[PDB]
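Asks: Sharing a structure, written as structure tokens. Questions coming.
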Amino acid sequence: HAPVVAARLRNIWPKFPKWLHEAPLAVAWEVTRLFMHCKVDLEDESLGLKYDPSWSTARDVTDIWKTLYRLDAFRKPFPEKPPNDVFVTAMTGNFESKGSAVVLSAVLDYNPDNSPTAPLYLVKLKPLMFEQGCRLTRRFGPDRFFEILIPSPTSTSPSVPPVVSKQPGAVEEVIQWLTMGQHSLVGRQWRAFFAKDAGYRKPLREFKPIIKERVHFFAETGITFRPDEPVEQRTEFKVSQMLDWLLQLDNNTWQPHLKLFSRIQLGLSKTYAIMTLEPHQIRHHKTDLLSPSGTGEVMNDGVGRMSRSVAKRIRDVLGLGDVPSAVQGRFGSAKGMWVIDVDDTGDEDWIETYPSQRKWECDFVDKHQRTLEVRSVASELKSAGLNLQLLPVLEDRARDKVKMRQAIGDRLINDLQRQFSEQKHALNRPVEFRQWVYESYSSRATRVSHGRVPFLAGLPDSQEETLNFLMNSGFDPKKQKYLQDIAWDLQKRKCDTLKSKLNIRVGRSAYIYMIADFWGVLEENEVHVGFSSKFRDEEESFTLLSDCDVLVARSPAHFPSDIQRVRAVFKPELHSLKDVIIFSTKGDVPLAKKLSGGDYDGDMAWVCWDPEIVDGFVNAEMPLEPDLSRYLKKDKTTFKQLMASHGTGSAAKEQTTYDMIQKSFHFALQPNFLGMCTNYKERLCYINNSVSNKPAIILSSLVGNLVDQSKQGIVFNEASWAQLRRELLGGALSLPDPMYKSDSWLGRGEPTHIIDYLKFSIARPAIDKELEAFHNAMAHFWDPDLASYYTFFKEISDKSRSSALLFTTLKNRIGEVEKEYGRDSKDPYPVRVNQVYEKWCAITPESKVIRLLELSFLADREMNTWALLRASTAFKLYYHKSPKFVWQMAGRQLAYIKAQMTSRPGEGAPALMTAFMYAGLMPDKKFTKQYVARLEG
Amino acid sequence: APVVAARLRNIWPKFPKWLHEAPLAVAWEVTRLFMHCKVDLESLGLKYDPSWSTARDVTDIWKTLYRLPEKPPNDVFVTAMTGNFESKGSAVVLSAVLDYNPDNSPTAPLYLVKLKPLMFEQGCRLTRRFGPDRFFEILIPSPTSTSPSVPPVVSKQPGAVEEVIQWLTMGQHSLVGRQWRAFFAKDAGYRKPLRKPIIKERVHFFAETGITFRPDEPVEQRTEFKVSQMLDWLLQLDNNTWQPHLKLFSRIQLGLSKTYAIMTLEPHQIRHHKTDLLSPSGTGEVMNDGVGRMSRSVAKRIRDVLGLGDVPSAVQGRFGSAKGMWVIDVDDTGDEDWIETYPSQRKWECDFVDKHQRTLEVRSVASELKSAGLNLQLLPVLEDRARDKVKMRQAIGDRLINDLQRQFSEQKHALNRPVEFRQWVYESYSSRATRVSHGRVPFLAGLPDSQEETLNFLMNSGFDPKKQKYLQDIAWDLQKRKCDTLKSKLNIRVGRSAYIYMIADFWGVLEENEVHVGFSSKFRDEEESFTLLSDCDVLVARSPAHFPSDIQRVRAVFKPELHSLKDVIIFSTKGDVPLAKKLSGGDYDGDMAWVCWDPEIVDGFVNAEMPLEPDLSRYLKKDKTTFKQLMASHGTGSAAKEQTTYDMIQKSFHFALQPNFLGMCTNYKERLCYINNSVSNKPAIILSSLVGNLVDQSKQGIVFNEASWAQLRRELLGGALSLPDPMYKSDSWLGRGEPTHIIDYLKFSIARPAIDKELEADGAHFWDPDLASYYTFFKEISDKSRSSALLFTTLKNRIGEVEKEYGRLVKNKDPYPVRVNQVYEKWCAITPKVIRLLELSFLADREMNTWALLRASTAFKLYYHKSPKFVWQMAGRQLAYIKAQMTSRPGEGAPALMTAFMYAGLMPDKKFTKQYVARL
DNA sequence: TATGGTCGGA
DNA sequence: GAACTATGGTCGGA
RNA sequence: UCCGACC
RNA sequence: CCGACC
Ligand SMILES: Nc1ncnc2c1ncn2[C@@H]1O[C@H](COP(=O)(O)NP(=O)(O)OP(=O)(O)O)[C@@H](O)[C@H]1O
Ligand SMILES: Nc1ncnc2c1ncn2[C@@H]1O[C@H](COP(=O)(O)NP(=O)(O)OP(=O)(O)O)[C@@H](O)[C@H]1O
Ligand SMILES: [Ca+2]
Ligand SMILES: [Ca+2]
Ligand SMILES: [Ca+2]
Ligand SMILES: [Ca+2]
Ligand SMILES: [Ca+2]
Ligand SMILES: [Ca+2]
Ligand SMILES: [Ca+2]
Ligand SMILES: [Mg+2]
């Protein structure tokens, strides 16, 4: 099997030395990383090579790393450190805390070295990380799982090494390497059980974009493992057994093994475990809800009911504010949505499953097969916008195409004019701008994560937070240009997103989980939408929808019928179901199926009730799709059929399960064409300006089949794609990229395409006009306050020569740091900033005056008086010459100086808030409008 | 009463010739200053300053008067000088307060006058039509007052009352160069005299003529106009002479109601209905009293004019003679302005021709609903109609116990962590009002004046309530205060309850016992949240509630036909009698119903039919005399009509001044119905009718005096006996045996013990080594340097002096804030190269220099054991700075020095506290 | 040259 | 009179 | 940016 | 404490 590649695959993984054998897995994982990052061989015998008993009882990785850095070889900057909370859990928490599992992850990139006896792939072990748990991690232990991002062996990229590219069997060798046998790492033997497309990933600069694949490995055996439950005291278990426990293969040999394999993802879905129902509490339905017109169509695909008590515990376990009307989760073999039974008057727990939910035949015996696992809940809704895919369909199903082009166009101009007229007004008053910046972006996540506002050097990392921080210390956005420049860039970027993606905001629109009406109250083509709270659009708001038409759609939208106009009817029967949209269970075909072959197992619909967009819309009847069986080759080989090659009984089953793995790995590594065929359709439809003619329809079918590839077992290669383009699509093979893909109009004449018209005839003009009005509406870097300490020390320096020397050294040192500030490198923008900052913080007084300036009793010397003087000098010397340097390095001190300077006797008191307490305060809107009222009179 | 009259000859300040040419505003402000400084306005070189006419700040006018007070806001003066007294719908108000003159000397004014500053109130129809400058309002002590304070001159001589009324009504009163005639008077309630409480009456005056007025339009350019004509403009007396003149008098308030003018509808756009909606059962009962429909476009304008966030579903306002509520027509498919009026709304026959009688005037809009509670009037009625009285008691009591425990448990858990306690303190009280008013957190000395803010200020700088005793003691004091408030007042709060505007079903969708409630946003109870009410029984009631039928149980049905109507409750127009009438005789002109959907409170309720009310005609006599009858005395024609109108004013002023018995008769019913423990027996129903009629006194012309009250008690009640206060009116159970009345039981058997139990129920210390950082820092320097040591010693001694002063003024005892400030001034007095570093002159605020920190540090070090409250009240500010500095760790974030204003505008983020508390 | 969309960053 | 004796509720300002 | 689920 | 409202 291509022996050239096989040799370079002998030792890709780092070796585990005997000295590290008696180590906690976390310690083993972390220690190995530093060695790799420091170039030191783990088996190097020059070093002492003795285990430090002190490592077995640690809480910060820095302590473990420091003991090694004492050795000369390690003594380079430290690599990213596992957060202490994660580290403690790995050693003392059994890898699980609050439903979160520590994850062992790696990124593998091809070795630049082309030496024949050299590792084919260079390995980077990622720091221990906390991630949501899943069924398999909860059942067999989060430490028994290892995931990697490996470059796809079938990548047609120039950057691919030649050993693999030239060798014909190269693909088979790597695939065999992954699946044939165990892989050794940190004292554990890992076996592959699953693989999925990770998409195009940028090769790590530590070692041109290449498609990478995520492979999942289970720890079958380890040195600490025992033959036939804590982490370091687990029992051997073969992947063939784990998959059997998950899928119950005995009762599922009739499934196509490729599809069987794809259901392993259901054991890996990130979920919160809620509760374990008893067998007598579970209602397994034998038949799905069926069309009342005898078409046989299923009307409740993927959705079933759940008791009110089950919903209540969902709220209690997840700490929700209210009881969720519906949740997305997994239950044994069931995957889909569950909705509260509006008819439940009791307090008994019960949940039902339906055929369309149950993806394999399951017995629901083990506790873990009867635990309701929640992946998400129906929450408060946001306003949504449009996307490039709805636009042609909206234009194609319009009674008047011209009226639509104007309607959507007007939405764009008036949304932009609001966005700017609001920011321009706020910029006049600092309190109003602070409110706007918090309303623009929310950093609550990073604030909770760090327990403080994250700060890069001397200013907050986020530009939004930087603005608020400096304004909170007294800076006026229209008086200091540093703040203006930040608001300018932020506005330009938000406009650039509108230019590059045309996300035209529609206030009367949202994405809502789709649910079917179990109770037959909604007639065909009626939907029910009730909100949990007031849904606001400009000067109109809603708690429900009634007596009006709505537009529903799903992405991707390709067929003319992928958008559908229906009638919003509020049924008081359903009133308690909030933040979900309920399709009727009457009619020939479920409405969800009409939305791009959608269902009710987690699907979210685009819901739009904007009249100017809805009433021009006319429905299209679902299209008659072409037979593409000649090109789309389906592999329906069953598990049973695979087993016949080997026999019957345990060993035969066990062999067949490993066949399923490697066979599915091969099918999972086939080059994907969903991207190409989708982009081809965009170009062809654009050139013909048609999303409804014959070629447009077939391509919509092709992309509709390709997206379901891994679950339908569809083989599709370059050859078939070129064949389909010749036989059915008119022989054109390479089509021109559309004009909207470019940032400026490179077309001839007035734009003809709706996207081109909106991007170049409506958006870019309006963007440029509003930006100039915003510039015209708006300042000086200089601020006499920020130089108070300079003037104060110069005066002392003039009177005293002793102080003069310190001033000169400080000034000269600052210039050196500015020189360093003055380019892309392996070390990124943050690391470069920190290095310049470290020299900046290095400037130090280096005696009564020195003590008064250094204030060494303060632990954080960035809070002493010397820091205030150093920043003041820097501002005076480089406010104009280099503004970014004086601020990114001295902003926090300059803010302190401003708040000191702006304080007036008697008029209140400034407040030095702790980082943490500051990071937990939000602007009070009600305070803002009342204060502005007091100013108007 | 000759003695009273001689004292009534010269009540008002005199208008000298030198101020004749002065603008009204200037004259009023000058008069106020001279009175405040006690200077006669009628031989010094007091001469007109032409600078005053062009003035834009009253202080500039006042500055010119330096030859030897509260100030109108500058925007008001400008609107008064150059804005025609009207700005943005606000009208500048000429207000005065009168009080009995202390001196009893005869030939001296009976009343002492104080002109209040010029001020903004919302305008009304009358000010918008004839001009705010022509309106003057006074709070005067009632002549029919039995108070001991009433001066003997009035009390001892009867007939003084008639004289005081004659002074007010007979003719004009000269003030600031204008002739003022009384036109209206209403009860202002008991009001404390400015330097013992007495009942005062609001009297309204209109300027008929003046020095600047023209015989038959800027402020100084008015035209003569008699009150008899203004009222005739408002009420169209020619077409309303059929009305009882007292009721007609009562309608003058409609012209004085503070309202926001929205739009002026044209005559074609007005739909006057000749008949009200009536019962489908033939009773003849009105089912839409006070309520009509309006177009969606008129509603959208109300949002635009009032700056509302959404279109209101219903408004309370006045349109010509129409008073009441208007609701959006859910069936309005058009875009044309239209409004409708019904007989019940129209309190007089108006022609709807003048624009001011065709303007829609809004007082209030249906708005976001707030959770309510059970007032003490509802509890007896709930028990009277309870299927099982013992289960009602059990529920309301068990609910109360659960609520108290939840609150106490929340406070205790919060203290454990500073971020959580900050959230509880903010939830406890809101300082937004003080913050917006001062643009900062108000500070007394070195710490915020409010204890609640002081805790947040010091926790925001790193202090821990569990680790610093100063924070601990403040929190304990605050908790005790809340517990003491809870013991005094029994406030049972029910989350699933709210007061909501009552509307009627024009569209005939609701049945007799069905109501519809949709909310504008999520109504949150701790357990659940609602956007609407469906498939549950609710209780509806109105305050006052006295009769057993005054609370009713209905079925909440959500009708998609009414879905657009939000923040309102809609009653049925079907049935014999309207539901609103059952709630203390309620209507839909702005009545708000108490709505409860709490199943525990609702489930036991059994509805009672409306009672047959006794005939109290013997004690309650109504004056139904009509305007015509009044006119028949004077004849026919304009002149007769003119003095009939002035007669109505004088007769009504007397009626309006009749001592009111609503308070006492209500208090008596409470005391008697408590002794009887019955709100449904003979006397309770008697007293409910009595108070049910007394509230409608002014509109029904009911005469009721001590004599009638004495004989009503004598015959129908237990007369002449002074009824005691119920036990629950006291803070403790001074009664015999275990309490039995529902209120005594809930306050004394349920609330008191639970509150007391929490009150009965390594650690906190004054010391904090971080706070002595600067002191220890300067002792090291002082040990190796003399000059500094002398500075340190002098400073250390100087704080000693201030500490002694704090004992002299703040330890025990002109007012307390002044004393604290006096020490603070002495404290900030303590002040000094090295001196230049310690005292940063470039800082205007010396409290921000390094010296302020050292002085705070040594003061803490030297007196944290002995004088804690001194150290903090003077230096808490700097101690918080020091704490924030010391707690900062290299790389663990950056502290933020916030300004006072930007600090005062920030708020605890509930989402942060909850998320951070999770993950420890 | 190889898709769109919804969420989160335990 | 020494002593009798002044309502509930909804919302806003200061 | 990047990382991670989901349809 | 001041102001409308039922
Ligand atoms: N990567 C993707 N890009 C675009 N669309 C996607 C993608 N993944 C899923 N979808 C959409 O989600 C649909 C898949 O539906 P499901 O996720 O429900 N899978 P389904 O075929 O129904 O099989 P089951 O698991 O339910 O037995 C596709 O047809 C697409 O519409
Ligand atoms: N000061 C008050 N104290 C107690 N209850 C009051 C008070 N003012 C009004 N009310 C209540 O509101 C009712 C008055 O209703 P209205 O204000 O509707 N007057 P009404 O007699 O109907 O005459 P119209 O002007 O509507 O023709 C009283 O019966 C009480 O229930
Ligand atoms: Ca599908
Ligand atoms: Ca689906
Ligand atoms: Ca599905
Ligand atoms: Ca009323
Ligand atoms: Ca009424
Ligand atoms: Ca994607
Ligand atoms: Ca009152
Ligand atoms: Mg009534």
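Residues in the structure tokens are numbered from 1 in each chain, the chains being A, B, ... in the order shown, and ligands are numbered from 1 in the order shown.
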Counting only C-alpha atoms (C1' of nucleotides) and all ligand atoms, name the residues that have an atom within 10 Å of an atom of ligand 5; the answer should be given as a ChimeraX atom specification.
Replies: /A:301-303,335-336,356-357,359,593,597-603 /E:7
Asks: What does the file look like for those residues with N, CA, C and O atoms (P, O5', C5', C4', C3', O3' and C1' of nucleotides), as a PDB file, in the first residue's frame?
Replies:
ATOM      1  N   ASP A 301     -42.611  15.139  11.192  1.00  0.00           N
ATOM      2  CA  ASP A 301     -41.239  14.655  11.071  1.00  0.00           C
ATOM      3  C   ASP A 301     -40.293  15.233  12.114  1.00  0.00           C
ATOM      4  O   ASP A 301     -39.878  16.392  12.016  1.00  0.00           O
ATOM      5  N   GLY A 302     -39.921  14.418  13.096  1.00  0.00           N
ATOM      6  CA  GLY A 302     -38.897  14.789  14.044  1.00  0.00           C
ATOM      7  C   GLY A 302     -39.376  15.516  15.276  1.00  0.00           C
ATOM      8  O   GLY A 302     -38.539  15.882  16.116  1.00  0.00           O
ATOM      9  N   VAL A 303     -40.684  15.739  15.422  1.00  0.00           N
ATOM     10  CA  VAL A 303     -41.227  16.453  16.574  1.00  0.00           C
ATOM     11  C   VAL A 303     -42.206  15.559  17.319  1.00  0.00           C
ATOM     12  O   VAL A 303     -43.070  14.916  16.707  1.00  0.00           O
ATOM     13  N   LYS A 335     -33.952  11.759  17.763  1.00  0.00           N
ATOM     14  CA  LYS A 335     -33.379  13.072  17.532  1.00  0.00           C
ATOM     15  C   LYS A 335     -34.488  13.962  16.999  1.00  0.00           C
ATOM     16  O   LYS A 335     -35.175  13.585  16.044  1.00  0.00           O
ATOM     17  N   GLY A 336     -34.689  15.115  17.625  1.00  0.00           N
ATOM     18  CA  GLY A 336     -35.646  16.052  17.051  1.00  0.00           C
ATOM     19  C   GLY A 336     -36.046  17.120  18.053  1.00  0.00           C
ATOM     20  O   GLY A 336     -35.284  17.449  18.965  1.00  0.00           O
ATOM     21  N   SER A 356     -40.211   8.966  12.937  1.00  0.00           N
ATOM     22  CA  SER A 356     -39.338   9.928  12.275  1.00  0.00           C
ATOM     23  C   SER A 356     -38.265  10.466  13.210  1.00  0.00           C
ATOM     24  O   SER A 356     -37.249  10.984  12.736  1.00  0.00           O
ATOM     25  N   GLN A 357     -38.461  10.360  14.523  1.00  0.00           N
ATOM     26  CA  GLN A 357     -37.417  10.786  15.447  1.00  0.00           C
ATOM     27  C   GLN A 357     -36.366   9.704  15.640  1.00  0.00           C
ATOM     28  O   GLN A 357     -35.168  10.005  15.692  1.00  0.00           O
ATOM     29  N   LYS A 359     -33.778   7.252  14.972  1.00  0.00           N
ATOM     30  CA  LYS A 359     -32.879   7.000  13.853  1.00  0.00           C
ATOM     31  C   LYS A 359     -32.297   5.591  13.852  1.00  0.00           C
ATOM     32  O   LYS A 359     -31.652   5.199  12.872  1.00  0.00           O
ATOM     33  N   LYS A 593     -41.746  20.478   4.642  1.00  0.00           N
ATOM     34  CA  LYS A 593     -41.105  19.815   3.514  1.00  0.00           C
ATOM     35  C   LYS A 593     -40.927  20.782   2.352  1.00  0.00           C
ATOM     36  O   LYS A 593     -39.919  20.727   1.637  1.00  0.00           O
ATOM     37  N   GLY A 597     -37.089  20.888   1.733  1.00  0.00           N
ATOM     38  CA  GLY A 597     -37.063  19.567   2.326  1.00  0.00           C
ATOM     39  C   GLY A 597     -36.799  19.619   3.816  1.00  0.00           C
ATOM     40  O   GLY A 597     -35.966  18.872   4.337  1.00  0.00           O
ATOM     41  N   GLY A 598     -37.506  20.508   4.514  1.00  0.00           N
ATOM     42  CA  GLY A 598     -37.318  20.688   5.936  1.00  0.00           C
ATOM     43  C   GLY A 598     -38.290  19.864   6.762  1.00  0.00           C
ATOM     44  O   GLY A 598     -39.182  19.189   6.248  1.00  0.00           O
ATOM     45  N   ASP A 599     -38.111  19.942   8.074  1.00  0.00           N
ATOM     46  CA  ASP A 599     -38.846  19.082   8.995  1.00  0.00           C
ATOM     47  C   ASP A 599     -38.973  19.824  10.323  1.00  0.00           C
ATOM     48  O   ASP A 599     -38.825  21.049  10.376  1.00  0.00           O
ATOM     49  N   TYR A 600     -39.231  19.092  11.402  1.00  0.00           N
ATOM     50  CA  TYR A 600     -39.430  19.699  12.714  1.00  0.00           C
ATOM     51  C   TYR A 600     -38.520  19.072  13.758  1.00  0.00           C
ATOM     52  O   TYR A 600     -38.927  18.852  14.902  1.00  0.00           O
ATOM     53  N   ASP A 601     -37.265  18.788  13.401  1.00  0.00           N
ATOM     54  CA  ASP A 601     -36.333  18.187  14.347  1.00  0.00           C
ATOM     55  C   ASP A 601     -35.256  19.163  14.810  1.00  0.00           C
ATOM     56  O   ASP A 601     -34.234  18.738  15.360  1.00  0.00           O
ATOM     57  N   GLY A 602     -35.467  20.460  14.601  1.00  0.00           N
ATOM     58  CA  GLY A 602     -34.486  21.468  14.960  1.00  0.00           C
ATOM     59  C   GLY A 602     -34.405  22.545  13.898  1.00  0.00           C
ATOM     60  O   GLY A 602     -33.722  23.562  14.064  1.00  0.00           O
ATOM     61  N   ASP A 603     -35.104  22.312  12.787  1.00  0.00           N
ATOM     62  CA  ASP A 603     -35.130  23.280  11.703  1.00  0.00           C
ATOM     63  C   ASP A 603     -35.620  24.629  12.211  1.00  0.00           C
ATOM     64  O   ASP A 603     -36.524  24.712  13.049  1.00  0.00           O
TER      65      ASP A 603
ATOM     66  P     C E   7     -28.657  18.634  13.868  1.00  0.00           P
ATOM     67  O5'   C E   7     -29.294  19.681  12.850  1.00  0.00           O
ATOM     68  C5'   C E   7     -30.574  20.240  13.098  1.00  0.00           C
ATOM     69  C4'   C E   7     -31.042  21.057  11.926  1.00  0.00           C
ATOM     70  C3'   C E   7     -30.888  20.406  10.562  1.00  0.00           C
ATOM     71  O3'   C E   7     -31.920  19.477  10.273  1.00  0.00           O
ATOM     72  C1'   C E   7     -30.108  22.636  10.469  1.00  0.00           C
TER      73        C E   7
END
Asks: Identify all residues of region 138-314 of chain B in alpha helix (DSSP H) (DSSP on the backbone) and supply them as a count of residues only.
Replies: 45
Asks: Got a sec: who's within 10 Å of region 2-4 of chain D, counting only C-alpha atoms (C1' of nucleotides), leaving out chain neighbours fewer than 2 positions off, as a list in words?
Replies: residues 720, 721 and 722 of chain B
Asks: So that I can see what lies close to residue 2 (chain E), please list as an MDAnalysis selection string the residues with an atom at most 12 Å from it, counting only C-alpha atoms (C1' of nucleotides) and leaving out residues fewer than 2 positions away in the same chain.
Replies: (chainID A and resid 201:202 204 828) or (chainID C and resid 9) or (chainID E and resid 4)
Asks: Could you list the residues in chain A lying within 10 Å of chain C, using only C-alpha atoms (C1' of nucleotides), and format the result as number ranges by chain?
Replies: A: 86, 97-102, 129-133, 157, 199-200, 211, 376, 387-389, 445-446, 449, 511-513, 554-557, 602-606, 671-679, 703, 707
Asks: Quick one: distance from CA of residue 405 (chain A) to CA of residue 682 (chain A) in Å, one decimal?
Replies: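 Spanning CA of residue 405 (chain A) to CA of residue 682 (chain A) is a straight-line distance of 19.0 Å.
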Asks: Output as a count of residues only the set of chain B residues within 12 Å of chain C, with distances taken over only C-alpha atoms (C1' of nucleotides).
Replies: 3
Asks: Identify every residue of chain B that has at least one atom within 7 Å of any atom of chain A, counting only C-alpha atoms, and report the result as number ranges by chain.
Replies: B: 75, 309-311, 432, 436, 440-443, 460-462, 520-522, 528-529, 531, 558, 560, 773, 834, 842-845, 848, 881, 884-886, 888-890, 893-900, 902, 905-909, 912, 915-916
Asks: List all protein, DNA and RNA residues that have any atom at most 9 Å from ligand 9, counting only C-alpha atoms (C1' of nucleotides) and all ligand atoms, and write the list as a VMD selection string.
Replies: (chain B and resid 189) or (chain D and resid 7 to 9)
Asks: Keeping only C-alpha atoms (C1' of nucleotides), take the residues you just selected and write them out as a PDB file, in the first residue's frame.
Replies:
ATOM      1  CA  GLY B 189     -56.913  68.339  51.898  1.00  0.00           C
TER       2      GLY B 189
ATOM      3  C1'  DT D   7     -61.251  56.997  52.952  1.00  0.00           C
ATOM      4  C1'  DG D   8     -59.098  53.522  49.470  1.00  0.00           C
ATOM      5  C1'  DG D   9     -56.531  53.271  44.984  1.00  0.00           C
TER       6       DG D   9
END
Asks: Taking 2 positions as the minimum chain separation for residues in the same chain, which residues sit within 12 Å of residue 145 (chain A) when counting only C-alpha atoms (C1' of nucleotides)? Answer as a PyMOL selection string.
Replies: chain A and resi 95+101-106+133-143+147-148+185+188-194+215-221+231+239+242+268
Asks: Quick one: everything within 9 Å of residue 833 (chain A), counting only C-alpha atoms (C1' of nucleotides), minus sequence neighbours fewer than 2 positions away in the same chain. Send it as a list in words.
Replies: residues 456, 457, 821, 828, 829, 830, 831, 835, 836, 837, 838, 888 and 889 of chain A
Asks: Let's have the selection written as an mmCIF file, in the first residue's frame, with C-alpha atoms.
Replies:
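Saved file out_37.cif follows:
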data_model
loop_
_atom_site.group_PDB
_atom_site.id
_atom_site.type_symbol
_atom_site.label_atom_id
_atom_site.label_comp_id
_atom_site.auth_asym_id
_atom_site.auth_seq_id
_atom_site.Cartn_x
_atom_site.Cartn_y
_atom_site.Cartn_z
ATOM 1 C CA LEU A 456 -4.556 44.280 25.578
ATOM 2 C CA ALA A 457 -1.665 46.370 26.979
ATOM 3 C CA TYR A 821 6.063 49.418 17.943
ATOM 4 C CA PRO A 828 0.494 37.539 15.845
ATOM 5 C CA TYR A 829 -0.722 41.119 16.550
ATOM 6 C CA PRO A 830 -1.487 40.419 20.269
ATOM 7 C CA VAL A 831 1.933 38.805 20.971
ATOM 8 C CA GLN A 835 6.231 42.400 23.754
ATOM 9 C CA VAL A 836 6.217 46.190 23.120
ATOM 10 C CA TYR A 837 4.128 46.592 26.307
ATOM 11 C CA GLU A 838 6.624 44.544 28.363
ATOM 12 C CA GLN A 888 -2.415 51.435 23.340
ATOM 13 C CA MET A 889 0.418 51.576 25.897
#
Asks: If you run DSSP on the backbone, which residues of region 595-831 of chain B are strand (DSSP E), as a list in words?
Replies: residues 595, 596, 621, 622, 702 and 703 of chain B
Asks: Write as JSON, numbers by chain the residues around ligand 2, taking 7 Å as the cut-off and counting only C-alpha atoms (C1' of nucleotides) and all ligand atoms.
Replies: {"B": [290, 347, 543, 544, 584, 585, 586, 587, 589, 692, 695, 696, 699], "D": [7, 8], "F": [6]}
Asks: Okay, now the selection with C-alpha atoms (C1' of nucleotides), as a PDB file, in the first residue's frame?
Replies:
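This went into selection-v7.pdb:
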ATOM      1  CA  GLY B 290     -67.480  56.730  29.469  1.00  0.00           C
ATOM      2  CA  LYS B 347     -71.211  65.915  30.548  1.00  0.00           C
ATOM      3  CA  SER B 543     -61.095  50.526  45.183  1.00  0.00           C
ATOM      4  CA  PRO B 544     -62.896  51.622  47.268  1.00  0.00           C
ATOM      5  CA  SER B 584     -68.364  49.962  43.447  1.00  0.00           C
ATOM      6  CA  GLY B 585     -70.508  51.447  40.680  1.00  0.00           C
ATOM      7  CA  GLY B 586     -67.652  51.638  38.205  1.00  0.00           C
ATOM      8  CA  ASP B 587     -67.656  52.778  34.598  1.00  0.00           C
ATOM      9  CA  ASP B 589     -64.045  56.620  31.909  1.00  0.00           C
ATOM     10  CA  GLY B 692     -70.903  55.069  48.543  1.00  0.00           C
ATOM     11  CA  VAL B 695     -67.780  60.009  47.517  1.00  0.00           C
ATOM     12  CA  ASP B 696     -70.240  61.229  44.868  1.00  0.00           C
ATOM     13  CA  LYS B 699     -71.635  65.647  41.657  1.00  0.00           C
TER      14      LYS B 699
ATOM     15  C1'  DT D   7     -61.251  56.997  52.952  1.00  0.00           C
ATOM     16  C1'  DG D   8     -59.098  53.522  49.470  1.00  0.00           C
TER      17       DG D   8
ATOM     18  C1'   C F   6     -60.663  57.098  39.550  1.00  0.00           C
TER      19        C F   6
END
Asks: Which residues are close to residue 491 (chain B), i.e. within 9 Å by only C-alpha atoms (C1' of nucleotides), leaving aside same-chain residues fewer than 3 positions away? Reply as an MDAnalysis selection string.
Replies: chainID B and resid 373:376 486
Asks: Let me see the file: selected residues, C-alpha atoms, as a compact mmCIF listing (two decimals), in the first residue's frame.
Replies:
# COMPACT_ATOMS: atom_id res chain seq x y z
CA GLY B 373 -51.17 43.73 46.03
CA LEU B 374 -54.08 43.01 48.36
CA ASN B 375 -55.21 46.17 50.11
CA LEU B 376 -56.84 45.84 53.52
CA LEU B 486 -42.97 45.44 57.38
Asks: Just to confirm, what's the straight-line distance from CA of residue 213 (chain A) to CA of residue 196 (chain A) in Å (one decimal)?
Replies: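 Atom-to-atom, CA of residue 213 (chain A) and CA of residue 196 (chain A) are spaced 5.8 Å apart.
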